[PDB]
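Data block for protein01.pdb (PDB, N, CA and C atoms):
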```pdb
MODEL        1
ATOM      1  N   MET A   1     -19.408   1.734  12.909
ATOM      2  CA  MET A   1     -18.471   2.748  13.474
ATOM      3  C   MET A   1     -17.341   3.084  12.485
ATOM      4  N   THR A   2     -16.678   4.226  12.703
ATOM      5  CA  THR A   2     -15.559   4.678  11.854
ATOM      6  C   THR A   2     -15.993   4.914  10.395
ATOM      7  N   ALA A   3     -16.178   6.184  10.026
ATOM      8  CA  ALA A   3     -16.618   6.548   8.671
ATOM      9  C   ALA A   3     -15.464   6.497   7.652
ATOM     10  N   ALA A   4     -14.239   6.715   8.129
ATOM     11  CA  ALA A   4     -13.050   6.665   7.270
ATOM     12  C   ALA A   4     -11.923   5.835   7.910
ATOM     13  N   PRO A   5     -11.692   4.601   7.417
ATOM     14  CA  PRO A   5     -10.586   3.751   7.897
ATOM     15  C   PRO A   5      -9.215   4.158   7.318
ATOM     16  N   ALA A   6      -9.212   4.647   6.074
ATOM     17  CA  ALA A   6      -7.992   5.129   5.403
ATOM     18  C   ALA A   6      -6.956   4.014   5.135
ATOM     19  N   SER A   7      -6.232   3.591   6.174
ATOM     20  CA  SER A   7      -5.114   2.640   6.006
ATOM     21  C   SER A   7      -5.593   1.172   6.024
ATOM     22  N   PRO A   8      -5.183   0.374   5.008
ATOM     23  CA  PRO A   8      -5.695  -1.003   4.775
ATOM     24  C   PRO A   8      -5.628  -1.961   5.984
ATOM     25  N   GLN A   9      -4.646  -1.788   6.869
ATOM     26  CA  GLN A   9      -4.474  -2.706   8.012
ATOM     27  C   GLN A   9      -5.705  -2.703   8.925
ATOM     28  N   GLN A  10      -6.287  -1.529   9.095
ATOM     29  CA  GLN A  10      -7.471  -1.354   9.934
ATOM     30  C   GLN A  10      -8.712  -2.033   9.321
ATOM     31  N   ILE A  11      -8.776  -2.080   7.988
ATOM     32  CA  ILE A  11      -9.867  -2.779   7.292
ATOM     33  C   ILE A  11      -9.863  -4.279   7.636
ATOM     34  N   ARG A  12      -8.667  -4.876   7.702
ATOM     35  CA  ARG A  12      -8.528  -6.300   8.039
ATOM     36  C   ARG A  12      -9.156  -6.618   9.405
ATOM     37  N   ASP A  13      -8.858  -5.789  10.403
ATOM     38  CA  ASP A  13      -9.410  -5.969  11.751
ATOM     39  C   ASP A  13     -10.947  -5.968  11.724
ATOM     40  N   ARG A  14     -11.518  -5.069  10.921
ATOM     41  CA  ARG A  14     -12.973  -4.958  10.791
ATOM     42  C   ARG A  14     -13.570  -6.176  10.067
ATOM     43  N   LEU A  15     -12.816  -6.745   9.133
ATOM     44  CA  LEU A  15     -13.255  -7.951   8.420
ATOM     45  C   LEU A  15     -13.369  -9.152   9.378
ATOM     46  N   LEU A  16     -12.317  -9.380  10.158
ATOM     47  CA  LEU A  16     -12.245 -10.536  11.064
ATOM     48  C   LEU A  16     -13.310 -10.498  12.178
ATOM     49  N   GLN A  17     -13.762  -9.308  12.578
ATOM     50  CA  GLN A  17     -14.817  -9.208  13.603
ATOM     51  C   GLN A  17     -16.206  -9.523  13.013
ATOM     52  N   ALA A  18     -16.305  -9.503  11.683
ATOM     53  CA  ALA A  18     -17.568  -9.779  10.987
ATOM     54  C   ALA A  18     -17.694 -11.256  10.577
ATOM     55  N   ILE A  19     -16.554 -11.919  10.385
ATOM     56  CA  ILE A  19     -16.527 -13.303   9.884
ATOM     57  C   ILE A  19     -15.552 -14.190  10.679
ATOM     58  N   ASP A  20     -15.660 -15.505  10.492
ATOM     59  CA  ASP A  20     -14.674 -16.446  11.033
ATOM     60  C   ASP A  20     -13.409 -16.468  10.161
ATOM     61  N   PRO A  21     -12.226 -16.694  10.767
ATOM     62  CA  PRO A  21     -10.971 -16.864  10.013
ATOM     63  C   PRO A  21     -11.089 -17.912   8.888
ATOM     64  N   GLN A  22     -12.078 -18.805   9.003
ATOM     65  CA  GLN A  22     -12.337 -19.824   7.978
ATOM     66  C   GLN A  22     -13.223 -19.262   6.835
ATOM     67  N   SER A  23     -13.267 -17.930   6.716
ATOM     68  CA  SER A  23     -13.902 -17.240   5.571
ATOM     69  C   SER A  23     -15.428 -17.431   5.492
ATOM     70  N   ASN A  24     -16.076 -17.692   6.621
ATOM     71  CA  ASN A  24     -17.546 -17.792   6.654
ATOM     72  C   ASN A  24     -18.179 -16.635   7.452
ATOM     73  N   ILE A  25     -19.338 -16.166   6.988
ATOM     74  CA  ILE A  25     -19.973 -14.951   7.523
ATOM     75  C   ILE A  25     -20.715 -15.188   8.856
ATOM     76  N   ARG A  26     -20.412 -14.363   9.867
ATOM     77  CA  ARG A  26     -21.214 -14.317  11.099
ATOM     78  C   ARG A  26     -22.192 -13.132  11.067
ATOM     79  N   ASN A  27     -21.699 -11.975  10.624
ATOM     80  CA  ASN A  27     -22.485 -10.734  10.626
ATOM     81  C   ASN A  27     -22.392 -10.004   9.278
ATOM     82  N   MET A  28     -23.409 -10.171   8.430
ATOM     83  CA  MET A  28     -23.440  -9.496   7.127
ATOM     84  C   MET A  28     -23.463  -7.970   7.301
ATOM     85  N   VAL A  29     -24.245  -7.489   8.270
ATOM     86  CA  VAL A  29     -24.331  -6.048   8.552
ATOM     87  C   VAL A  29     -22.947  -5.449   8.869
ATOM     88  N   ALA A  30     -22.130  -6.191   9.620
ATOM     89  CA  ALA A  30     -20.762  -5.762   9.939
ATOM     90  C   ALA A  30     -19.863  -5.813   8.693
ATOM     91  N   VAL A  31     -20.061  -6.844   7.870
ATOM     92  CA  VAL A  31     -19.365  -6.965   6.582
ATOM     93  C   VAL A  31     -19.637  -5.748   5.682
ATOM     94  N   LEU A  32     -20.886  -5.280   5.675
ATOM     95  CA  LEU A  32     -21.289  -4.134   4.848
ATOM     96  C   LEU A  32     -20.420  -2.894   5.121
ATOM     97  N   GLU A  33     -20.017  -2.692   6.377
ATOM     98  CA  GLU A  33     -19.122  -1.578   6.719
ATOM     99  C   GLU A  33     -17.759  -1.714   6.020
ATOM    100  N   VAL A  34     -17.251  -2.943   5.915
ATOM    101  CA  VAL A  34     -15.963  -3.191   5.251
ATOM    102  C   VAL A  34     -16.037  -2.870   3.752
ATOM    103  N   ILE A  35     -17.038  -3.431   3.075
ATOM    104  CA  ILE A  35     -17.218  -3.207   1.636
ATOM    105  C   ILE A  35     -17.515  -1.724   1.349
ATOM    106  N   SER A  36     -18.409  -1.130   2.143
ATOM    107  CA  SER A  36     -18.745   0.297   2.006
ATOM    108  C   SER A  36     -17.504   1.182   2.183
ATOM    109  N   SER A  37     -16.616   0.782   3.095
ATOM    110  CA  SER A  37     -15.336   1.480   3.289
ATOM    111  C   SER A  37     -14.427   1.318   2.068
ATOM    112  N   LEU A  38     -14.324   0.087   1.567
ATOM    113  CA  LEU A  38     -13.518  -0.216   0.376
ATOM    114  C   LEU A  38     -14.040   0.525  -0.868
ATOM    115  N   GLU A  39     -15.346   0.789  -0.902
ATOM    116  CA  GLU A  39     -15.947   1.593  -1.974
ATOM    117  C   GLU A  39     -15.455   3.053  -1.917
ATOM    118  N   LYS A  40     -15.096   3.516  -0.717
ATOM    119  CA  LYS A  40     -14.566   4.875  -0.530
ATOM    120  C   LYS A  40     -13.027   4.889  -0.488
ATOM    121  N   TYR A  41     -12.429   3.744  -0.167
ATOM    122  CA  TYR A  41     -10.971   3.629  -0.027
ATOM    123  C   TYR A  41     -10.447   2.335  -0.668
ATOM    124  N   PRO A  42      -9.806   2.429  -1.848
ATOM    125  CA  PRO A  42      -9.204   1.270  -2.505
ATOM    126  C   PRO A  42      -7.837   0.906  -1.902
ATOM    127  N   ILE A  43      -7.660  -0.373  -1.584
ATOM    128  CA  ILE A  43      -6.435  -0.869  -0.942
ATOM    129  C   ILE A  43      -5.193  -0.667  -1.830
ATOM    130  N   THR A  44      -4.122  -0.124  -1.250
ATOM    131  CA  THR A  44      -2.884   0.119  -1.999
ATOM    132  C   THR A  44      -2.121  -1.188  -2.263
ATOM    133  N   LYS A  45      -1.242  -1.169  -3.263
ATOM    134  CA  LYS A  45      -0.621  -2.396  -3.783
ATOM    135  C   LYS A  45       0.425  -2.986  -2.825
ATOM    136  N   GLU A  46       1.305  -2.145  -2.286
ATOM    137  CA  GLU A  46       2.304  -2.612  -1.316
ATOM    138  C   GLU A  46       1.627  -3.043  -0.006
ATOM    139  N   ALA A  47       0.579  -2.316   0.383
ATOM    140  CA  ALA A  47      -0.220  -2.669   1.563
ATOM    141  C   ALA A  47      -1.035  -3.949   1.334
ATOM    142  N   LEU A  48      -1.467  -4.173   0.094
ATOM    143  CA  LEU A  48      -2.266  -5.355  -0.253
ATOM    144  C   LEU A  48      -1.521  -6.651   0.107
ATOM    145  N   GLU A  49      -0.241  -6.713  -0.248
ATOM    146  CA  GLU A  49       0.617  -7.844   0.124
ATOM    147  C   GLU A  49       0.963  -7.828   1.627
ATOM    148  N   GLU A  50       1.280  -6.638   2.150
ATOM    149  CA  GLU A  50       1.673  -6.465   3.565
ATOM    150  C   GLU A  50       0.586  -6.955   4.537
ATOM    151  N   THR A  51      -0.638  -6.499   4.337
ATOM    152  CA  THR A  51      -1.742  -6.852   5.234
ATOM    153  C   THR A  51      -2.494  -8.106   4.737
ATOM    154  N   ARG A  52      -2.084  -8.625   3.570
ATOM    155  CA  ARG A  52      -2.641  -9.872   3.011
ATOM    156  C   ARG A  52      -4.147  -9.760   2.671
ATOM    157  N   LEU A  53      -4.568  -8.619   2.111
ATOM    158  CA  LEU A  53      -5.993  -8.408   1.769
ATOM    159  C   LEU A  53      -6.433  -9.242   0.553
ATOM    160  N   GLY A  54      -5.499  -9.944  -0.086
ATOM    161  CA  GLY A  54      -5.851 -10.772  -1.239
ATOM    162  C   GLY A  54      -6.902 -11.828  -0.902
ATOM    163  N   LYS A  55      -6.856 -12.336   0.328
ATOM    164  CA  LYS A  55      -7.887 -13.250   0.830
ATOM    165  C   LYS A  55      -9.268 -12.566   0.840
ATOM    166  N   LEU A  56      -9.281 -11.264   1.134
ATOM    167  CA  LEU A  56     -10.520 -10.476   1.143
ATOM    168  C   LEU A  56     -11.143 -10.457  -0.262
ATOM    169  N   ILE A  57     -10.294 -10.419  -1.295
ATOM    170  CA  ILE A  57     -10.763 -10.475  -2.690
ATOM    171  C   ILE A  57     -11.544 -11.775  -2.954
ATOM    172  N   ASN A  58     -11.027 -12.879  -2.423
ATOM    173  CA  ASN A  58     -11.690 -14.183  -2.511
ATOM    174  C   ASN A  58     -13.075 -14.163  -1.836
ATOM    175  N   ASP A  59     -13.124 -13.659  -0.607
ATOM    176  CA  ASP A  59     -14.366 -13.628   0.170
ATOM    177  C   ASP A  59     -15.398 -12.634  -0.388
ATOM    178  N   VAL A  60     -14.951 -11.437  -0.760
ATOM    179  CA  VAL A  60     -15.859 -10.414  -1.291
ATOM    180  C   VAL A  60     -16.466 -10.859  -2.629
ATOM    181  N   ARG A  61     -15.714 -11.643  -3.397
ATOM    182  CA  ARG A  61     -16.193 -12.154  -4.687
ATOM    183  C   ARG A  61     -17.510 -12.934  -4.525
ATOM    184  N   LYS A  62     -17.570 -13.808  -3.520
ATOM    185  CA  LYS A  62     -18.774 -14.615  -3.268
ATOM    186  C   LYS A  62     -19.782 -13.899  -2.345
ATOM    187  N   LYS A  63     -19.279 -13.144  -1.367
ATOM    188  CA  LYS A  63     -20.136 -12.531  -0.334
ATOM    189  C   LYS A  63     -20.325 -11.011  -0.504
ATOM    190  N   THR A  64     -20.030 -10.477  -1.688
ATOM    191  CA  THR A  64     -20.209  -9.032  -1.949
ATOM    192  C   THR A  64     -21.679  -8.596  -1.832
ATOM    193  N   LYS A  65     -21.883  -7.289  -1.635
ATOM    194  CA  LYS A  65     -23.226  -6.703  -1.498
ATOM    195  C   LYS A  65     -24.148  -7.106  -2.664
ATOM    196  N   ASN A  66     -23.667  -6.933  -3.891
ATOM    197  CA  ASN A  66     -24.417  -7.334  -5.085
ATOM    198  C   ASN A  66     -23.560  -8.255  -5.970
ATOM    199  N   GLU A  67     -24.082  -9.439  -6.298
ATOM    200  CA  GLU A  67     -23.363 -10.396  -7.156
ATOM    201  C   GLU A  67     -22.951  -9.755  -8.496
ATOM    202  N   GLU A  68     -23.841  -8.943  -9.066
ATOM    203  CA  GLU A  68     -23.548  -8.221 -10.310
ATOM    204  C   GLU A  68     -22.382  -7.233 -10.118
ATOM    205  N   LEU A  69     -22.308  -6.632  -8.931
ATOM    206  CA  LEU A  69     -21.243  -5.677  -8.604
ATOM    207  C   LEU A  69     -19.859  -6.347  -8.667
ATOM    208  N   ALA A  70     -19.783  -7.618  -8.264
ATOM    209  CA  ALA A  70     -18.515  -8.365  -8.281
ATOM    210  C   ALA A  70     -17.874  -8.376  -9.681
ATOM    211  N   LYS A  71     -18.712  -8.413 -10.715
ATOM    212  CA  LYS A  71     -18.240  -8.311 -12.105
ATOM    213  C   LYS A  71     -17.688  -6.902 -12.390
ATOM    214  N   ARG A  72     -18.367  -5.892 -11.851
ATOM    215  CA  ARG A  72     -17.966  -4.484 -12.016
ATOM    216  C   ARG A  72     -16.700  -4.158 -11.211
ATOM    217  N   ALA A  73     -16.565  -4.811 -10.058
ATOM    218  CA  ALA A  73     -15.471  -4.561  -9.116
ATOM    219  C   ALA A  73     -14.097  -4.777  -9.764
ATOM    220  N   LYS A  74     -14.036  -5.673 -10.750
ATOM    221  CA  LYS A  74     -12.776  -6.003 -11.426
ATOM    222  C   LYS A  74     -12.048  -4.742 -11.929
ATOM    223  N   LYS A  75     -12.802  -3.753 -12.417
ATOM    224  CA  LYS A  75     -12.208  -2.477 -12.840
ATOM    225  C   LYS A  75     -11.398  -1.839 -11.695
ATOM    226  N   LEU A  76     -11.989  -1.802 -10.502
ATOM    227  CA  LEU A  76     -11.326  -1.244  -9.311
ATOM    228  C   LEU A  76     -10.166  -2.143  -8.845
ATOM    229  N   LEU A  77     -10.426  -3.449  -8.773
ATOM    230  CA  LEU A  77      -9.421  -4.430  -8.342
ATOM    231  C   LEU A  77      -8.173  -4.412  -9.242
ATOM    232  N   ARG A  78      -8.354  -4.113 -10.528
ATOM    233  CA  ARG A  78      -7.222  -4.010 -11.463
ATOM    234  C   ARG A  78      -6.175  -2.986 -10.995
ATOM    235  N   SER A  79      -6.621  -1.939 -10.299
ATOM    236  CA  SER A  79      -5.697  -0.956  -9.713
ATOM    237  C   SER A  79      -4.762  -1.626  -8.692
ATOM    238  N   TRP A  80      -5.237  -2.713  -8.076
ATOM    239  CA  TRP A  80      -4.423  -3.513  -7.147
ATOM    240  C   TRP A  80      -3.607  -4.564  -7.920
ATOM    241  N   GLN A  81      -4.292  -5.250  -8.838
ATOM    242  CA  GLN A  81      -3.723  -6.349  -9.639
ATOM    243  C   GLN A  81      -2.462  -5.940 -10.426
ATOM    244  N   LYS A  82      -2.215  -4.636 -10.542
ATOM    245  CA  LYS A  82      -1.081  -4.124 -11.326
ATOM    246  C   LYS A  82       0.264  -4.717 -10.859
ATOM    247  N   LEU A  83       0.301  -5.252  -9.639
ATOM    248  CA  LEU A  83       1.520  -5.875  -9.108
ATOM    249  C   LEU A  83       1.840  -7.226  -9.788
ATOM    250  N   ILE A  84       0.824  -7.899 -10.344
ATOM    251  CA  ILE A  84       1.050  -9.138 -11.122
ATOM    252  C   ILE A  84       0.885  -8.919 -12.641
ATOM    253  N   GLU A  85       0.120  -7.892 -13.025
ATOM    254  CA  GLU A  85      -0.132  -7.583 -14.444
ATOM    255  C   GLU A  85      -0.258  -6.063 -14.662
ATOM    256  N   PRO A  86       0.547  -5.483 -15.584
ATOM    257  CA  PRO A  86       0.593  -4.020 -15.814
ATOM    258  C   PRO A  86      -0.792  -3.348 -15.921
ATOM    259  N   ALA A  87      -1.184  -2.634 -14.861
ATOM    260  CA  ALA A  87      -2.463  -1.913 -14.832
ATOM    261  C   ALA A  87      -2.329  -0.565 -14.104
ATOM    262  N   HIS A  88      -1.816   0.433 -14.818
ATOM    263  CA  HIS A  88      -1.602   1.779 -14.267
ATOM    264  C   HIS A  88      -1.865   2.844 -15.342
ATOM    265  N   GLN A  89      -3.035   2.750 -15.963
ATOM    266  CA  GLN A  89      -3.377   3.576 -17.125
ATOM    267  C   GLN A  89      -3.563   5.068 -16.775
ATOM    268  N   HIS A  90      -4.362   5.376 -15.749
ATOM    269  CA  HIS A  90      -4.665   6.782 -15.422
ATOM    270  C   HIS A  90      -4.582   7.089 -13.912
ATOM    271  N   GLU A  91      -4.539   6.060 -13.071
ATOM    272  CA  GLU A  91      -4.505   6.253 -11.612
ATOM    273  C   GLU A  91      -3.089   6.589 -11.096
ATOM    274  N   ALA A  92      -2.209   7.024 -12.000
ATOM    275  CA  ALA A  92      -0.844   7.424 -11.634
ATOM    276  C   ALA A  92      -0.807   8.849 -11.041
TER
ENDMDL
END
```
Full structure transcribed into structure tokens:
Amino acid sequence: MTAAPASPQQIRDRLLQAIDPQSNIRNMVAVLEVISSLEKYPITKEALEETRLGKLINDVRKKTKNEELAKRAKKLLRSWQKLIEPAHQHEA
């Protein structure tokens, strides 16, 4: 459900209904909606800390759709990581 979540807080709610708070998967199919959404909507930096999506980075790293993709994802994640390390080359 929901083709466009837009705001990061709503993504968190969708994550927790797919997995246990202890970061283990109950429904991979439900997880796929979260990652597929994140592929269309990258989490903003102030929202990343606000909604605490950094834990999602930990879980998606191991439970991502494609293990090879997790290596590629770093390019996208760097747009978020700019809050700890200067990364704002062209997405300004």
**Request:** Step one, run DSSP on the backbone; step two, keep only residues of segment 35-67 of chain A assigned to helix (DSSP H, G or I); then write them as number ranges by chain.
**Result:** A: 35-40, 45-50, 54-63, 67
**Request:** Find the residue from A:9, A:66, A:22, A:89 that sits nearest to residue 52 of chain A; use all atoms listed in the file when measuring.
**Result:**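 Closest to residue 52 of chain A of all the choices is A:9.
Atom N of residue 11 of chain A sits 19.8 Å away from atom N of residue 82 of chain A.
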**Message:** I'd like the interatomic distance between atom C of residue 27 of chain A and atom C of residue 46 of chain A, to a tenth of an Å.
**Reply:**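 Computing the Euclidean distance for atom C of residue 27 of chain A and atom C of residue 46 of chain A yields 26.7 Å.
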**Counting all atoms listed in the file, the option among A:78, A:88, A:40, A:61 closest to residue 4 of chain A** =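 Result for the nearest residue to residue 4 of chain A: A:40.
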**Asked** In Å, with one decimal, what is the gap from atom N of residue 35 of chain A to atom C of residue 12 of chain A?
**Response** 10.6 Å
Per-axis box centre and lengths in Å around segment 30-35 of chain A, 5 Å margin per side, axis-aligned, as AutoDock Vina command-line options:
```
--center_x -19.0 --center_y -4.3 --center_z 5.6 --size_x 16.2 --size_y 15.4 --size_z 18.6
```
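Ranking A:17, A:37, A:81, A:24 by their shortest atom-to-atom distance to residue 49 of chain A, with only C-alpha atoms included, puts A:81 first.
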**Prompt:** Using only N, CA and C atoms, which of the listed residues (A:15, A:62, A:57, A:80) sits closest to residue 45 of chain A?
**Reply:**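 Nearest candidate to residue 45 of chain A out of A:15, A:62, A:57, A:80: A:80.
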**Request:** Might you spell out which residues the PyMOL selection byres (((chain A and resi 2 and name CA) around 12) and name CA) would select in the displayed file, as a PyMOL selection string?
**Result:** chain A and resi 1+3-6+10-11+14+30+33-34+36-37
Would you mind exporting segment 46-71 of chain A with N, CA and C atoms, as a PDB file, in the first residue's frame?
```pdb
ATOM      1  N   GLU A  46      18.175  16.155   8.492  1.00  0.00           N
ATOM      2  CA  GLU A  46      17.581  16.569   9.770  1.00  0.00           C
ATOM      3  C   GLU A  46      16.505  15.568  10.217  1.00  0.00           C
ATOM      4  N   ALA A  47      15.755  15.037   9.251  1.00  0.00           N
ATOM      5  CA  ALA A  47      14.754  13.999   9.522  1.00  0.00           C
ATOM      6  C   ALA A  47      15.409  12.668   9.916  1.00  0.00           C
ATOM      7  N   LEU A  48      16.585  12.389   9.356  1.00  0.00           N
ATOM      8  CA  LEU A  48      17.309  11.143   9.640  1.00  0.00           C
ATOM      9  C   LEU A  48      17.584  10.995  11.146  1.00  0.00           C
ATOM     10  N   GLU A  49      18.052  12.073  11.768  1.00  0.00           N
ATOM     11  CA  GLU A  49      18.261  12.106  13.220  1.00  0.00           C
ATOM     12  C   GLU A  49      16.923  12.160  13.986  1.00  0.00           C
ATOM     13  N   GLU A  50      15.991  12.984  13.496  1.00  0.00           N
ATOM     14  CA  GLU A  50      14.673  13.176  14.140  1.00  0.00           C
ATOM     15  C   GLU A  50      13.890  11.859  14.270  1.00  0.00           C
ATOM     16  N   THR A  51      13.768  11.130  13.175  1.00  0.00           N
ATOM     17  CA  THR A  51      12.994   9.885  13.166  1.00  0.00           C
ATOM     18  C   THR A  51      13.888   8.663  13.471  1.00  0.00           C
ATOM     19  N   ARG A  52      15.198   8.905  13.625  1.00  0.00           N
ATOM     20  CA  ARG A  52      16.164   7.857  14.010  1.00  0.00           C
ATOM     21  C   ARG A  52      16.285   6.732  12.954  1.00  0.00           C
ATOM     22  N   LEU A  53      16.285   7.094  11.666  1.00  0.00           N
ATOM     23  CA  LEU A  53      16.374   6.090  10.583  1.00  0.00           C
ATOM     24  C   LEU A  53      17.777   5.468  10.474  1.00  0.00           C
ATOM     25  N   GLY A  54      18.733   5.958  11.261  1.00  0.00           N
ATOM     26  CA  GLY A  54      20.085   5.402  11.222  1.00  0.00           C
ATOM     27  C   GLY A  54      20.113   3.908  11.540  1.00  0.00           C
ATOM     28  N   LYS A  55      19.210   3.474  12.416  1.00  0.00           N
ATOM     29  CA  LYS A  55      19.031   2.047  12.706  1.00  0.00           C
ATOM     30  C   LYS A  55      18.611   1.279  11.437  1.00  0.00           C
ATOM     31  N   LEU A  56      17.809   1.929  10.591  1.00  0.00           N
ATOM     32  CA  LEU A  56      17.361   1.335   9.325  1.00  0.00           C
ATOM     33  C   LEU A  56      18.569   1.056   8.416  1.00  0.00           C
ATOM     34  N   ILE A  57      19.571   1.941   8.460  1.00  0.00           N
ATOM     35  CA  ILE A  57      20.815   1.747   7.696  1.00  0.00           C
ATOM     36  C   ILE A  57      21.514   0.439   8.109  1.00  0.00           C
ATOM     37  N   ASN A  58      21.533   0.181   9.413  1.00  0.00           N
ATOM     38  CA  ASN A  58      22.085  -1.060   9.964  1.00  0.00           C
ATOM     39  C   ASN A  58      21.333  -2.299   9.439  1.00  0.00           C
ATOM     40  N   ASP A  59      20.007  -2.261   9.521  1.00  0.00           N
ATOM     41  CA  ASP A  59      19.173  -3.392   9.107  1.00  0.00           C
ATOM     42  C   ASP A  59      19.173  -3.613   7.586  1.00  0.00           C
ATOM     43  N   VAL A  60      19.062  -2.535   6.814  1.00  0.00           N
ATOM     44  CA  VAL A  60      19.038  -2.643   5.351  1.00  0.00           C
ATOM     45  C   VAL A  60      20.377  -3.172   4.816  1.00  0.00           C
ATOM     46  N   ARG A  61      21.466  -2.855   5.511  1.00  0.00           N
ATOM     47  CA  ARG A  61      22.800  -3.322   5.116  1.00  0.00           C
ATOM     48  C   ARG A  61      22.849  -4.856   5.014  1.00  0.00           C
ATOM     49  N   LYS A  62      22.290  -5.541   6.012  1.00  0.00           N
ATOM     50  CA  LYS A  62      22.279  -7.012   6.030  1.00  0.00           C
ATOM     51  C   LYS A  62      21.052  -7.601   5.302  1.00  0.00           C
ATOM     52  N   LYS A  63      19.903  -6.933   5.411  1.00  0.00           N
ATOM     53  CA  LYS A  63      18.633  -7.472   4.885  1.00  0.00           C
ATOM     54  C   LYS A  63      18.147  -6.774   3.600  1.00  0.00           C
ATOM     55  N   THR A  64      19.029  -6.052   2.913  1.00  0.00           N
ATOM     56  CA  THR A  64      18.656  -5.372   1.653  1.00  0.00           C
ATOM     57  C   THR A  64      18.232  -6.365   0.558  1.00  0.00           C
ATOM     58  N   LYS A  65      17.499  -5.854  -0.436  1.00  0.00           N
ATOM     59  CA  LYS A  65      17.007  -6.664  -1.562  1.00  0.00           C
ATOM     60  C   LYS A  65      18.143  -7.457  -2.236  1.00  0.00           C
ATOM     61  N   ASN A  66      19.230  -6.770  -2.572  1.00  0.00           N
ATOM     62  CA  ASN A  66      20.407  -7.416  -3.163  1.00  0.00           C
ATOM     63  C   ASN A  66      21.668  -7.069  -2.354  1.00  0.00           C
ATOM     64  N   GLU A  67      22.402  -8.090  -1.906  1.00  0.00           N
ATOM     65  CA  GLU A  67      23.641  -7.881  -1.137  1.00  0.00           C
ATOM     66  C   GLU A  67      24.632  -6.979  -1.898  1.00  0.00           C
ATOM     67  N   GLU A  68      24.733  -7.180  -3.212  1.00  0.00           N
ATOM     68  CA  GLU A  68      25.592  -6.347  -4.062  1.00  0.00           C
ATOM     69  C   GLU A  68      25.124  -4.880  -4.059  1.00  0.00           C
ATOM     70  N   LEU A  69      23.808  -4.682  -3.996  1.00  0.00           N
ATOM     71  CA  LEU A  69      23.220  -3.338  -3.974  1.00  0.00           C
ATOM     72  C   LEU A  69      23.683  -2.552  -2.735  1.00  0.00           C
ATOM     73  N   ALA A  70      23.846  -3.244  -1.605  1.00  0.00           N
ATOM     74  CA  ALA A  70      24.287  -2.602  -0.355  1.00  0.00           C
ATOM     75  C   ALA A  70      25.623  -1.856  -0.535  1.00  0.00           C
ATOM     76  N   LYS A  71      26.496  -2.401  -1.378  1.00  0.00           N
ATOM     77  CA  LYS A  71      27.760  -1.735  -1.730  1.00  0.00           C
ATOM     78  C   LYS A  71      27.494  -0.470  -2.565  1.00  0.00           C
TER      79      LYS A  71
END
```
